[PDB]
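Respectively, the protein sequence lines represent chains H and B.
Each residue of the first sequence is one higher than the one before, counting from 54 in the authors' numbering.
Each residue of the second sequence is one higher than the one before, counting from 51 in the authors' numbering.
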Amino acid sequence: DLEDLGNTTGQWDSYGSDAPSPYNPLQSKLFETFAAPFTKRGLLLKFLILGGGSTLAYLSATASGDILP
Amino acid sequence: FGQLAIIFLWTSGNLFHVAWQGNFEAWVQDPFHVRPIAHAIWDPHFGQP
Ligand code: CLA
Ligand SMILES: CCCCCCCCCCCCO[C@H]1O[C@H](CO)[C@@H](O[C@H]2O[C@H](CO)[C@@H](O)[C@H](O)[C@H]2O)[C@H](O)[C@H]1O
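Below, the structure is given as structure tokens:
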């Protein structure tokens, strides 16, 4: 019974789980606040909703010269 | 009473998408089967055509 790749071989063995990757790209808190307005919020989100959507829509249409439909 | 109520926000605008635009002061002048106007269409999807 020589051949068998005597316990062949194992791994440790066929476990995997216990450290397969270092976790994450450094970036620590290269953001942290950095931009707050969703990093602040309690309470917001209307505020923003009228703002974003007010520009998008406001300049989204009006003017300068037509370019018309 | 929330009725009658909504029948007048209908009627108001019926008379108010008339008289800055879409004739009378041409349709009274004397009105021959061409195409007197309610309102102005405004859709961004439109072509020039
Ligand atoms: C497939 C789409 C495409 C799209 C996106 C549109 C979009 C539009 N067309 Mg339009 N159109 C198209 C193809 C299209 N068209 C084509 C192929 C033609 C033939 C050439 C036309 C011919 C045409 C004409 C003649 C007109 C438009 C108009 C319009 C606008 C309606 C204005 C309005 O009051 O707000 C959108 C609609 C409302 C705010 C209310 C509509 C009521 C529906 C939605 C009932 C649901 C309400 C419900 C009962 C209440 C609870 C619902 C809740 C969500 C609030 C709208 C932006 C009109 C316009 O600009 O009017 C000022 C004008 O009448 N179109
Ligand atoms: C049962 C768990 C697996 C096998 C037995 C125990 C393993 C887990 C506990 C022991 C810790 C591993 O041993 C090692 O831990 C740390 C490695 O990060 C080290 O302290 C560490 O701090 C740094 C944090 O960035 C590491 O990057 C350095 O590599 C390391 O020096 C110690 O030098 C050492 O004690």
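All C-beta atoms in this analysis are idealised placements derived from N, C-alpha and C, irrespective of residue type, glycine included.
- DSSP assignment within the region 82-113 of chain H yields the following whole alpha helix (DSSP H) runs of 4 residues or more, N-terminal first: 101-113.
- Annotation for residue 71(H) indicates a beta carbon at 7 Å or more from all heavy atoms of ligand 1.
- Straight-line spacing of the CA atoms in residue 70(H) and residue 81(H) works out to 25 Å.
- The beta carbon of residue 96(B) sits closer than 8 Å to some beta carbon of chain H.
- Between the region 62-72 of chain B and the region 89-99 of chain B, the count of C-beta pairs closer than 8 Å reaches three or more; the two stretches touch.
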